[PDB]
Amino acid sequence: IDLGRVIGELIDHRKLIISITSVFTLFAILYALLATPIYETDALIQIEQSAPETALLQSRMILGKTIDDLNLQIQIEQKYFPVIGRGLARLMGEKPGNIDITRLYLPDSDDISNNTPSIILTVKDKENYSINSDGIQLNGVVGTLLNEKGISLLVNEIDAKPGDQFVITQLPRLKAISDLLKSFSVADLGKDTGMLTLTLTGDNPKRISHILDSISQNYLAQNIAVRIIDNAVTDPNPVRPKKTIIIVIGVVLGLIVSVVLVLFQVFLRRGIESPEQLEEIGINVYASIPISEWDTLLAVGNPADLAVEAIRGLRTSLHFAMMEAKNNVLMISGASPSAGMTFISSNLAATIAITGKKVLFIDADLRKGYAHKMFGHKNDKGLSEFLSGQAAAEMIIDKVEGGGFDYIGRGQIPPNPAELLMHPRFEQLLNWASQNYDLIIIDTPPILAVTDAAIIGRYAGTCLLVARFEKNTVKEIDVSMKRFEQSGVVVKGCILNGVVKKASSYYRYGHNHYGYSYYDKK
Amino acid sequence: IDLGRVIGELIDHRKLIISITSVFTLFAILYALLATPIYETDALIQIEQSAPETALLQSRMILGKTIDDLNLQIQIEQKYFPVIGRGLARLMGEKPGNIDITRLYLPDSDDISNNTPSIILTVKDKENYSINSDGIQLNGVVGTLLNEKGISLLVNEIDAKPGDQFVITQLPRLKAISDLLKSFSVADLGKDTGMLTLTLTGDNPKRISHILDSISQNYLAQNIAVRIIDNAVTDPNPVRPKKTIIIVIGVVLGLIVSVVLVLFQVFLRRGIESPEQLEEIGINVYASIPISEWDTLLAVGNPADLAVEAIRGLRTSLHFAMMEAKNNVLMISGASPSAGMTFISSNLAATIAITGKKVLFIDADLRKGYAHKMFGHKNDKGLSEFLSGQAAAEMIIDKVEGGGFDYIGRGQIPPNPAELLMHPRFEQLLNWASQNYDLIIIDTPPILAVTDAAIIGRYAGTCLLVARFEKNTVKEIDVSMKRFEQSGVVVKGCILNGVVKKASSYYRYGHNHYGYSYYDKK
Amino acid sequence: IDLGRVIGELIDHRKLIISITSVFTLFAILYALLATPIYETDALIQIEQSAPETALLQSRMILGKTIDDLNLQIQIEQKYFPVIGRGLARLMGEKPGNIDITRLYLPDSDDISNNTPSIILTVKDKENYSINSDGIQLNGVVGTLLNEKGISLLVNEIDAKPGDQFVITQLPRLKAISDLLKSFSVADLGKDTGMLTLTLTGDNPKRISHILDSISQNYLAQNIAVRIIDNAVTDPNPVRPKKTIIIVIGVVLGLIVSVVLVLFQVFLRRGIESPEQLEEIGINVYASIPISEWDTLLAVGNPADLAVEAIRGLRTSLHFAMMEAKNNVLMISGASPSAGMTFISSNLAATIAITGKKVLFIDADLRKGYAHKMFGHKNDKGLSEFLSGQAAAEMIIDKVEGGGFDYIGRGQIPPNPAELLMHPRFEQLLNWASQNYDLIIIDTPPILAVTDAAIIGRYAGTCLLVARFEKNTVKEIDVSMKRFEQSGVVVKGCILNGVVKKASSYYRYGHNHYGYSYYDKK
């Protein structure tokens with residue numbers, strides 16, 4: 001692989017790459033805008049050492065005094081049902097509702113796991129409120145304390161709108177200490193100075209400054225039984241989430257994921273990429289039919305289609321290739337199902353019939369042939385009925401309206417399709433057809449599925465394989481040709497079908513084999 | 001090997017990989033959820049150095065005082081018969097039963113090895129209990145102490161349900177010290193500060209906090225004859241087992257074990273992977289029969305089977321390959337036993353007999369031929385009886401009901417099978433059969449087992465080998481062909497049997513050689 | 001690639017390289033000249049340690065005293081609508097207007113986000129001024145304080161011109177401290193000395209010296225309740241923007257961007273670079289027509305053109321190449337549209353007609369042929385009308401005035417162009433034309449677009465392909481020739497059209513294939 005190859009692959013997979021990168025960036029931006037902002041407050045303490053003082057500041061004695069003074073064991077959180085309800089409410093300009101509680105004694109369930117009892121407070125108005133611990137409803141008012149059902153609660157100064165719910169947890173003293181200790185850090189900043197930098201993170205900018213002031217003052221009173229230089233102030237710019245580094249990572253992560261997925265699809269695909277791959281093995285490619293964007297025949301409904309023009313090129317190439325053959329019978333056989341053989345063979349018959357030639361189309365796919373459905377069908381007396389002996393040759397030939405050629409349907413699906421084609425009536429039909437027509441085109445099932453095409457190929461003077469652009473493999477075509485040759489059927493060449501324009505073909509090889517549209521635009 | 005090869009191997013062995021990875025993850029999750037949770041309590045001590053104080057804290061003098069104060073030599077464990085009975089009981093929400101014992105004097109067996117005497121206490125109710133040391137049953141009550149059979153026991157406040165057994169061990173003082181010392185650790189956390197961080201691990205969160213408080217207080221009283229800043233509190237989140245790192249290791253370990261086992265099976269397998277391996281040595285492969293999911297013949301019970309369609313392809317390939325031969329006798333010989341020769345040869349005779357040809361099936365496997373059992377048999381007068389001279393040719397030919405062809409059974413297993421086939425009656429049978437039939441198909445034993453096929457191959461105009469997909473080796477086929485050629489029998493080609501769809505074949509080679517199913521689904 | 005190749009590529013892409021480098025340097029110079037200059041003032045303090053004194057200097061206590069003394073919370077900025085209005089005003093010699101404010105109390109909106117209220121002061125004259133916070137207009141005079149609409153303002157000594165607007169923000173105390181702290185740095189400069197180097201950056205050289213003097217004096221008074229050696233003086237040379245390193249980076253960045261863009265265009269282009277690329281595949285190139293700087297024919301309006309001289313070379317090469325051919329019919333077919341086939345074929349007919357030969361020009365591009373428009377047309381009865389049978393051969397032949405040869409127009413665009421060319425009237429026309437003319441030149445559509453040229457090529461004794469210099473690929477030509485050969489049309493060779501002089505061709509190959517102009521300049 002070279003620079004041209006990888007750049008062509010990027011150009012071809014640009015849509016997948018952009019989609020993956022864009023969804024990654026969207027997730028990164030949604031995270032950076034919905035994650036709760038965490039502020040950081042700092043303070044400065046003058047020590048008259050400071051290494052044992054650092055461990056004393058983070059001790060449960062100093063921090064425990066802060067939990068008790070500020071009631072940090074009363075956890076109050078705004079209620080939001082999703083994991084994004086808090087982020088989007090902040091985006092919508094909704095100010096976070098807050099309630100002040102000074103006394104909270106829950107019945108202390110203290111079960112196997114839930115050591116943190118919780119209730120749900122629903123704001124009814126500015127004054128009164130409701131409480132539901134486990135469905136037990138209790139109505140309370142600011143001021144008057146509540147002592148009912150083993151639940152003591154004192155809510156002061158409800159600052160919110162009616163309908164706001166609040167999860168009120170009474171976490172144990174050690175947990176409240178452990179939460180404060182996890183967000184509280186102490187540094188020396190000079191490693192020799194008597195200066196300690198107390199920092200505290202949290203989602204509430206005002207609350208974390210009151211806590212850090214309490215920690216500094218409780219440590220101050222404890223030491224005198226030291227100087228506070230800078231009291232705790234909260235940085236108004238949140239330190240997390242760091243939006244820029246999250247979005248940039250979302251871009252880089254989306255890009256590298258896109259590349260490795262594209263790099264795998266390039267290294268794992270085995271389908272045909274160009275007619276050159278077939279010609280490298282010695283397989284003559286007579287036409288490359290591009291994908292048509294469009295029950296009528298394409299060569300009649302849209303004669304100017306880019307696919308029909310490539311079929312006209314096949315017509316002229318076949319005319320020079322079909323001379324010096326045994327007979328005027330041309331067999332067309334896809335290598336795999338859904339290769340587009342009936343698309344090519346029926347439109348090829350149309351492009352040759354308009355040239356004034358008498359063409360007979362034989363849908364000899366007794367298993368899955370649908371040429372009768374496509375042309376309009378008196379489905380009785382098809383090819384099956386003729387091979388079985390219950391129909392004459394003149395009774396199975398029909399004319400296509402949007403055609404120009406005669407066509408023979410497969411008939412009713414026989415139980416022994418391969419055995420019917422071996423009947424001598426089949427060769428007698430082709431010998432009779434070879435005298436009343438200029439060209440006989442025969443659709444056959446794929447040789448890698450059944451052997452029907454090998455039997456029919458014995459009576460055809462020219463045999464062509466139909467390969468799908470990306471669905472069929474080069475070796476798949478080579479096995480198909482060798483299977484025909486093993487049964488005495490020489491394949492004249494292959495027809496690549498369903499070619500799509502790709503930039504990687506333009507850089508790996510010097511051509512894309514898609515075809516130029518050519519008309520005066522009017 | 002390339003990326004395509006390894007990815008195809010992963011796709012083919014995905015079931016083994018997923019099974020191994022899933023059982024590894026299941027074991028890891030069962031360990032992470034059944035291992036007893038171990039909590040960690042910590043304390044803070046202020047030293048006014050601290051390096052000799054660390055060694056004094058872990059001394060048997062300080063720790064020995066703790067063992068005596070809290071009776072740590074009385075080991076009490078809830079009784080569970082399996083290694084998982086404690087884990088699952090905790091999962092089921094069953095609270096662990098605990099009993100308080102203050103006096104435990106066992107008869108002190110002190111034998112060669114068991115220096116730790118043990119008894120089994122069975123809770124009968126809230127008040128009384130039972131005791132069985134070595135089968136000697138003793139009934140005791142909370143309160144009143146027990147002095148019987150040299151066993152002193154004082155159980156206080158039994159907190160459990162009736163039926164809970166308890167193993168009560170009286171371990172020596174040094175062992176109790178060694179157990180505490182193993183879970184007790186001392187650190188300085190500043191390497192200069194007078195701060196010591198005493199930590200203690202254990203399965204009981206309340207007990208380890210009482211022990212660490214005792215250690216701190218016994219060290220405190222001993223030093224004043226120092227300040228305890230933070231008393232021992234237990235972290236409610238267990239430090240072990242670390243579930244996430246155990247499960248993630250279970251995933252990674254299952255994956256790497258799956259890969260190396262798959263990597264060995266890929267590097268150790270020698271069987272045929274595709275018909276290309278045979279054709280690389282110059283062995284013509286006339287058909288690749290896929291594995292049929294299905295005593296009737298497959299070509300009659302299910303004519304539309306994917307295996308029968310590949311046999312129809314063999315029929316058309318054989319017709320073109322059998323012309324220009326000496327006679328109409330086709331010999332089919334597997335390279336190894338259970339290669340599927342009789343599956344192919346009997347179904348091939350059916351697919352050719354429906355074409356209106358007279359086919360004779362000769363089961364010339366006088367050792368293990370079971371064609372008579374498969375078709376319905378008048379087992380008397382088979383091929384053996386004819387070669388021995390006790391049966392006429394017209395008396396050994398039988399007709400298959402679900403057939404269409406005539407068949408000759410092997411007969412009774414002769415003592416000299418190879419010698420019977422050398423009798424001139426065998427060639428006279430084939431010369432007679434060659435005049436009353438269009439094709440004679442002969443089953444023969446594998447040439448690498450016996451020489452019966454080499455003898456029969458002298459009279460057959462066409463000889464084909466049947467190879468099993470993965471069971472037979474390429475060289476195994478090459479040795480079989482060369483052994484025939486060494487005896488004057490030229491093998492026309494090979495028939496690969498039992499092909500299964502594999503993604504690795506699609507990436508190593510450009511084709512899988514399995515065959516496309518082709519029918520209108522109705 | 002070698003030194004010659006890369007140097008030739010640089011010479012050929014010199015215009016793109018110079019343009020990119022020049023726009024990069026222009027942006028860098030505009031940045032270096034429009035970015036606001038930032039001055040740096042420094043002071044020297046003598047400490048009698050200095051490590052805790054450094055942290056005390058940057059404390060909010062010392063810096064907060066400076067904000068209050070100098071009213072640093074009153075932010076005054078000259079109003080400029082663009083991001084360059086301040087830079088260019090400084091370039092134009094306009095001195096920055098400044099107003100002195102001592103009292104600023106805004107109504108303190110304090111909404112969700114905007115914690116910094118702002119107003120807009122518009123200077124009306126030396127004495128009075130106007131104020132608009134949110135559209136509310138207020139008129140004030142220097143001296144007399146304003147207390148209206150909850151806005152307290154005291155503006156002293158307006159030094160500006162009437163019309164100058166000023167954004168007056170009252171930022172919070174912490175923000176003003178954070179802005180000063182961000183630009184204030186303290187260093188020791190000896191790491192042991194009692195010398196502290198206080199430095200302060202800012203856009204106002206006089207203001208930053210007053211602030212740093214305040215910081216030094218507030219720290220001096222605070223410490224005595226230390227020696228100031230060097231009072232704060234501002235370096236008159238701004239420390240930023242560093243113009244030289246910005247411009248030099250603009251040069252280097254423009255160069256490396258130019259190189260990588262040129263390096264990609266060289267590695268991504270696949271078009272033909274020289275006639276040697278075609279001859280390496282075995283394609284005979286009979287002429288290389290250079291780009292002509294110029295509805296008349298080029299070979300008549302400017303016979304001395306460099307393109308016409310190369311066509312005269314094609315004429316002499318064709319004369320030697322067209323002998324020993326079946327007939328005197330020459331077909332010319334571009335490989336892709338807009339290849340210049342009609343430019344070459346019509347001018348080639350002119351250069352051969354002046355030699356006294358009778359030439360017939362057949363515009364057989366029934367889809368997009370415009371030869372009739374170029375020569376002057378009685379558009380009725382073209383080639384289409386003749387093939388359809390509604391026009392005689394003698395009625396479709398016309399004479400070109402600026403010609404010398406006869407020409408046949410395409411006629412009205414037929415619905416079946418490819419089918420009309422297959423009519424036997426086409427060969428009868430050429431057989432008749434071959435007897436009344438010395439050479440017949442036939443324009444045809446590109447073979448990679450439609451098959452019209454393959455049909456016409458069957459009756460032409462010589463067939464040539466027209467390749468565009470850079471638009472067509474070598475493989476594109478090779479596919480075109482093989483498609484003709486697949487239809488029984490042998491292409492005699494190719495004609496490279498639109499060649500442009502390039503230095504890289506002179507270094508990769510030994511020639512540029514552009515052609516030397518040759519005339520006596522008079």
# chains A, B, ... in the order shown; residues from 1 in each chain; ligands from 1
>>> select_by_dssp(residues="range 300-477 of chain A", states="strand (DSSP E)", output="short mmCIF file (atom, residue, chain, number, x, y, z; two decimals) with N, CA, C and O atoms, in the first residue's frame")
data_model
loop_
_atom_site.label_atom_id
_atom_site.label_comp_id
_atom_site.auth_asym_id
_atom_site.auth_seq_id
_atom_site.Cartn_x
_atom_site.Cartn_y
_atom_site.Cartn_z
N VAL A 329 -25.91 -19.53 -30.16
CA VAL A 329 -26.47 -19.64 -28.82
C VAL A 329 -25.46 -19.09 -27.82
O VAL A 329 -24.32 -19.57 -27.75
N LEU A 330 -25.87 -18.08 -27.06
CA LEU A 330 -25.03 -17.46 -26.04
C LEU A 330 -25.62 -17.78 -24.67
O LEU A 330 -26.77 -17.42 -24.39
N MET A 331 -24.83 -18.44 -23.83
CA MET A 331 -25.24 -18.76 -22.47
C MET A 331 -24.61 -17.76 -21.51
O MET A 331 -23.41 -17.49 -21.59
N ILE A 332 -25.41 -17.23 -20.59
CA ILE A 332 -24.96 -16.28 -19.59
C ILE A 332 -25.25 -16.88 -18.22
O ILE A 332 -26.38 -17.27 -17.93
N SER A 333 -24.22 -16.96 -17.38
CA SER A 333 -24.32 -17.64 -16.09
C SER A 333 -23.58 -16.84 -15.03
O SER A 333 -22.36 -16.68 -15.11
N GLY A 334 -24.31 -16.34 -14.04
CA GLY A 334 -23.67 -15.74 -12.89
C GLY A 334 -22.85 -16.76 -12.11
O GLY A 334 -23.11 -17.96 -12.17
N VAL A 359 -33.87 -12.13 -31.66
CA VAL A 359 -33.24 -12.65 -30.46
C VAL A 359 -34.26 -13.46 -29.69
O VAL A 359 -35.41 -13.04 -29.53
N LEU A 360 -33.85 -14.64 -29.22
CA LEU A 360 -34.67 -15.48 -28.35
C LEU A 360 -34.03 -15.53 -26.97
O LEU A 360 -32.85 -15.86 -26.84
N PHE A 361 -34.82 -15.19 -25.95
CA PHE A 361 -34.36 -15.22 -24.57
C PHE A 361 -34.92 -16.47 -23.90
O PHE A 361 -36.14 -16.64 -23.80
N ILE A 362 -34.03 -17.35 -23.44
CA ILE A 362 -34.42 -18.60 -22.81
C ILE A 362 -34.07 -18.52 -21.33
O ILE A 362 -32.89 -18.52 -20.96
N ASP A 363 -35.10 -18.43 -20.49
CA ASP A 363 -34.92 -18.43 -19.04
C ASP A 363 -34.85 -19.88 -18.59
O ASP A 363 -35.85 -20.47 -18.17
N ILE A 397 -42.87 -20.05 -26.86
CA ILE A 397 -42.24 -18.81 -27.27
C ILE A 397 -43.25 -17.67 -27.14
O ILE A 397 -44.36 -17.75 -27.67
N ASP A 398 -42.87 -16.63 -26.41
CA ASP A 398 -43.70 -15.45 -26.22
C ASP A 398 -42.91 -14.21 -26.62
O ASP A 398 -41.68 -14.24 -26.74
N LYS A 399 -43.63 -13.11 -26.80
CA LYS A 399 -43.04 -11.84 -27.22
C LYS A 399 -43.14 -10.82 -26.09
O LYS A 399 -44.18 -10.70 -25.44
N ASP A 406 -38.01 -12.36 -28.67
CA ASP A 406 -38.85 -13.42 -28.14
C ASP A 406 -38.22 -14.00 -26.87
O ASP A 406 -37.00 -13.99 -26.70
N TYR A 407 -39.08 -14.51 -25.99
CA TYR A 407 -38.60 -15.03 -24.72
C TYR A 407 -39.38 -16.29 -24.36
O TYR A 407 -40.57 -16.41 -24.67
N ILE A 408 -38.69 -17.22 -23.71
CA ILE A 408 -39.28 -18.47 -23.22
C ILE A 408 -39.14 -18.50 -21.71
O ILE A 408 -38.02 -18.45 -21.19
N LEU A 439 -29.74 -14.87 -32.65
CA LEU A 439 -29.00 -15.07 -31.41
C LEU A 439 -29.95 -15.60 -30.35
O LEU A 439 -31.06 -15.09 -30.20
N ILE A 440 -29.51 -16.63 -29.62
CA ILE A 440 -30.28 -17.19 -28.52
C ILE A 440 -29.52 -16.91 -27.23
O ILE A 440 -28.35 -17.31 -27.09
N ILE A 441 -30.17 -16.23 -26.29
CA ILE A 441 -29.58 -15.90 -25.00
C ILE A 441 -30.26 -16.76 -23.94
O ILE A 441 -31.49 -16.77 -23.83
N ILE A 442 -29.46 -17.48 -23.16
CA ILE A 442 -29.95 -18.46 -22.20
C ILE A 442 -29.49 -18.07 -20.80
O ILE A 442 -28.28 -18.01 -20.53
N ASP A 443 -30.45 -17.81 -19.91
CA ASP A 443 -30.15 -17.64 -18.50
C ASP A 443 -30.06 -19.00 -17.82
O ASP A 443 -30.86 -19.90 -18.08
N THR A 444 -29.07 -19.14 -16.94
CA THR A 444 -28.81 -20.40 -16.26
C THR A 444 -28.49 -20.11 -14.79
O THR A 444 -28.00 -19.03 -14.47
N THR A 462 -21.12 -19.95 -27.15
CA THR A 462 -20.41 -18.96 -26.35
C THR A 462 -21.01 -18.92 -24.95
O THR A 462 -22.23 -18.87 -24.79
N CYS A 463 -20.14 -18.93 -23.95
CA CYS A 463 -20.55 -18.92 -22.55
C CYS A 463 -19.84 -17.78 -21.83
O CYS A 463 -18.62 -17.66 -21.91
N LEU A 464 -20.61 -16.96 -21.12
CA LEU A 464 -20.08 -15.82 -20.38
C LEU A 464 -20.52 -15.90 -18.93
O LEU A 464 -21.65 -16.30 -18.63
N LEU A 465 -19.62 -15.52 -18.03
CA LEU A 465 -19.92 -15.45 -16.60
C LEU A 465 -20.24 -14.02 -16.19
O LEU A 465 -19.59 -13.08 -16.66
N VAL A 466 -21.23 -13.86 -15.33
CA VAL A 466 -21.60 -12.56 -14.78
C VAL A 466 -21.08 -12.49 -13.35
O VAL A 466 -21.50 -13.27 -12.49
N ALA A 467 -20.16 -11.57 -13.11
CA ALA A 467 -19.62 -11.33 -11.77
C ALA A 467 -20.18 -10.04 -11.21
O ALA A 467 -20.24 -9.02 -11.90
N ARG A 468 -20.59 -10.09 -9.94
CA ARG A 468 -20.97 -8.88 -9.22
C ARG A 468 -19.71 -8.16 -8.74
O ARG A 468 -18.71 -8.80 -8.40
#
>>> select_by_dssp(residues="range 111-283 of chain A", states="alpha helix (DSSP H)", output="ChimeraX atom specification")
/A:173-183,205-223,243-268,275-280
>>> residues_around(residues="residue 207 in chain A", least_positions_apart="6", cutoff="10 Å", atoms="only C-alpha atoms", output="ChimeraX atom specification")
/A:41,70,213,234
>>> write_last_selection(atoms="N, CA, C and O atoms", output="short mmCIF file (atom, residue, chain, number, x, y, z; two decimals), in the first residue's frame")
data_model
loop_
_atom_site.label_atom_id
_atom_site.label_comp_id
_atom_site.auth_asym_id
_atom_site.auth_seq_id
_atom_site.Cartn_x
_atom_site.Cartn_y
_atom_site.Cartn_z
N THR A 41 -11.95 25.70 45.66
CA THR A 41 -11.62 26.79 46.57
C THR A 41 -10.27 26.51 47.23
O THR A 41 -9.90 25.36 47.48
N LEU A 70 -21.05 21.92 60.33
CA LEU A 70 -21.82 22.30 59.15
C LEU A 70 -22.88 21.28 58.77
O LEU A 70 -23.54 21.45 57.73
N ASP A 213 -13.24 27.04 55.02
CA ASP A 213 -13.08 27.99 56.11
C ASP A 213 -13.26 27.30 57.46
O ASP A 213 -12.54 27.61 58.42
N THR A 234 -13.71 30.67 46.40
CA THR A 234 -13.93 29.70 45.34
C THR A 234 -13.64 30.31 43.98
O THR A 234 -14.15 31.39 43.66
#
>>> closest_atom_pairs(of="chain B", to="chain A", cutoff="9 Å", atoms="only C-alpha atoms", output="CSV")
residue,atom,partner,partner_atom,distance
B:3,CA,A:267,CA,7.1
B:4,CA,A:268,CA,5.6
B:7,CA,A:268,CA,8.5
B:44,CA,A:59,CA,7.5
B:46,CA,A:52,CA,8.7
B:93,CA,A:112,CA,7.0
B:94,CA,A:112,CA,8.7
B:95,CA,A:112,CA,7.3
B:189,CA,A:55,CA,8.4
B:190,CA,A:51,CA,6.9
B:192,CA,A:51,CA,7.6
B:193,CA,A:52,CA,4.9
B:194,CA,A:52,CA,6.5
B:195,CA,A:52,CA,6.6
B:229,CA,A:61,CA,6.5
B:230,CA,A:60,CA,5.8
B:231,CA,A:60,CA,8.5
B:233,CA,A:174,CA,7.8
B:234,CA,A:174,CA,8.6
B:235,CA,A:174,CA,7.9
B:236,CA,A:175,CA,8.5
B:286,CA,A:486,CA,7.4
B:287,CA,A:483,CA,8.9
B:303,CA,A:416,CA,8.3
B:304,CA,A:415,CA,8.3
B:306,CA,A:449,CA,8.6
B:309,CA,A:450,CA,5.8
B:310,CA,A:450,CA,6.9
B:312,CA,A:451,CA,6.5
B:313,CA,A:451,CA,4.9
B:314,CA,A:451,CA,8.6
B:316,CA,A:487,CA,6.3
B:317,CA,A:487,CA,4.7
B:318,CA,A:487,CA,7.9
B:319,CA,A:487,CA,7.9
B:320,CA,A:487,CA,5.6
B:321,CA,A:487,CA,7.6
B:351,CA,A:419,CA,8.9
B:354,CA,A:419,CA,7.7
B:355,CA,A:419,CA,6.2
B:506,CA,A:270,CA,8.3
B:507,CA,A:270,CA,7.4
B:509,CA,A:475,CA,7.4
B:510,CA,A:475,CA,4.7
B:511,CA,A:476,CA,5.5
B:512,CA,A:476,CA,8.7
B:513,CA,A:448,CA,8.2
B:514,CA,A:448,CA,8.7
B:515,CA,A:449,CA,5.3
B:516,CA,A:449,CA,4.5
B:517,CA,A:449,CA,6.0
B:518,CA,A:449,CA,6.3
B:519,CA,A:367,CA,5.5
B:520,CA,A:368,CA,5.5
>>> write_last_selection(atoms="C-alpha atoms", output="mmCIF file, in the first residue's frame")
data_model
loop_
_atom_site.group_PDB
_atom_site.id
_atom_site.type_symbol
_atom_site.label_atom_id
_atom_site.label_comp_id
_atom_site.auth_asym_id
_atom_site.auth_seq_id
_atom_site.Cartn_x
_atom_site.Cartn_y
_atom_site.Cartn_z
ATOM 1 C CA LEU B 3 -4.871 -10.475 9.205
ATOM 2 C CA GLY B 4 -7.474 -12.207 7.046
ATOM 3 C CA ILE B 7 -9.626 -13.260 11.607
ATOM 4 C CA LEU B 44 -3.643 7.884 63.594
ATOM 5 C CA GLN B 46 1.090 11.226 67.141
ATOM 6 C CA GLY B 93 -28.890 -11.863 52.876
ATOM 7 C CA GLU B 94 -28.332 -14.229 55.809
ATOM 8 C CA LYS B 95 -26.641 -12.243 58.563
ATOM 9 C CA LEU B 189 3.164 8.325 55.777
ATOM 10 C CA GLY B 190 5.638 11.208 55.907
ATOM 11 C CA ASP B 192 9.741 12.376 59.053
ATOM 12 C CA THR B 193 6.464 13.203 60.792
ATOM 13 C CA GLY B 194 5.534 11.898 64.212
ATOM 14 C CA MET B 195 2.415 10.440 62.588
ATOM 15 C CA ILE B 229 -5.429 11.522 67.075
ATOM 16 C CA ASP B 230 -7.864 9.293 65.157
ATOM 17 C CA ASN B 231 -9.354 6.269 66.881
ATOM 18 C CA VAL B 233 -12.769 3.207 62.467
ATOM 19 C CA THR B 234 -13.501 0.574 59.830
ATOM 20 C CA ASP B 235 -13.911 1.506 56.175
ATOM 21 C CA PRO B 236 -17.369 0.141 55.221
ATOM 22 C CA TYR B 286 -14.170 -33.442 -9.531
ATOM 23 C CA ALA B 287 -16.607 -32.501 -6.743
ATOM 24 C CA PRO B 303 -33.297 -34.833 -3.747
ATOM 25 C CA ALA B 304 -33.034 -31.072 -3.121
ATOM 26 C CA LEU B 306 -27.206 -29.394 -0.903
ATOM 27 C CA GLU B 309 -26.751 -31.049 -5.860
ATOM 28 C CA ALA B 310 -22.971 -31.341 -5.528
ATOM 29 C CA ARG B 312 -25.244 -33.972 -9.582
ATOM 30 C CA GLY B 313 -22.256 -31.770 -10.384
ATOM 31 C CA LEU B 314 -20.073 -34.839 -9.905
ATOM 32 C CA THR B 316 -21.929 -34.185 -15.068
ATOM 33 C CA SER B 317 -18.192 -33.903 -14.391
ATOM 34 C CA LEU B 318 -17.828 -37.694 -14.402
ATOM 35 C CA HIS B 319 -19.751 -38.032 -17.677
ATOM 36 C CA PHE B 320 -17.221 -35.776 -19.414
ATOM 37 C CA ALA B 321 -14.349 -37.459 -17.546
ATOM 38 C CA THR B 351 -28.486 -39.492 -9.429
ATOM 39 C CA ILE B 354 -32.794 -41.217 -12.539
ATOM 40 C CA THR B 355 -31.290 -40.020 -15.846
ATOM 41 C CA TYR B 506 -12.760 -17.504 2.589
ATOM 42 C CA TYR B 507 -9.728 -15.441 3.662
ATOM 43 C CA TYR B 509 -8.197 -18.700 -0.450
ATOM 44 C CA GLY B 510 -10.753 -16.694 -2.374
ATOM 45 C CA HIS B 511 -13.451 -19.362 -2.034
ATOM 46 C CA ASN B 512 -14.958 -21.658 0.594
ATOM 47 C CA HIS B 513 -16.060 -24.504 -1.743
ATOM 48 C CA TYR B 514 -19.259 -25.116 0.254
ATOM 49 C CA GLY B 515 -21.890 -24.321 -2.383
ATOM 50 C CA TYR B 516 -24.847 -21.939 -2.525
ATOM 51 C CA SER B 517 -28.337 -23.213 -1.791
ATOM 52 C CA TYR B 518 -30.632 -22.285 -4.673
ATOM 53 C CA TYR B 519 -34.422 -22.584 -4.505
ATOM 54 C CA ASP B 520 -37.414 -20.248 -4.449
#
>>> residues_around(residues="residue 172 in chain B", least_positions_apart="2", cutoff="12 Å", atoms="only C-alpha atoms", output="ChimeraX atom specification")
/B:64,67-68,71-75,105-106,108,110,114-118,169-170,174-179
>>> residues_around(residues="residue 80 in chain A", least_positions_apart="6", cutoff="12 Å", atoms="only C-alpha atoms", output="list in words")
residues 86, 87, 88, 89, 90, 96, 97, 120, 163, 164, 165, 166 and 167 of chain A
>>> atom_distance(atom1="CA of residue 480 in chain A", atom2="CA of residue 283 in chain A")
11.4 Å
>>> residues_around(residues="range 27-31 of chain C", least_positions_apart="2", cutoff="10 Å", atoms="only C-alpha atoms", output="JSON, numbers by chain")
{"C": [21, 22, 23, 24, 25, 33, 34, 35, 36, 84, 87, 88, 241, 243, 244, 245, 246, 247, 248, 249, 250, 251, 253, 254]}
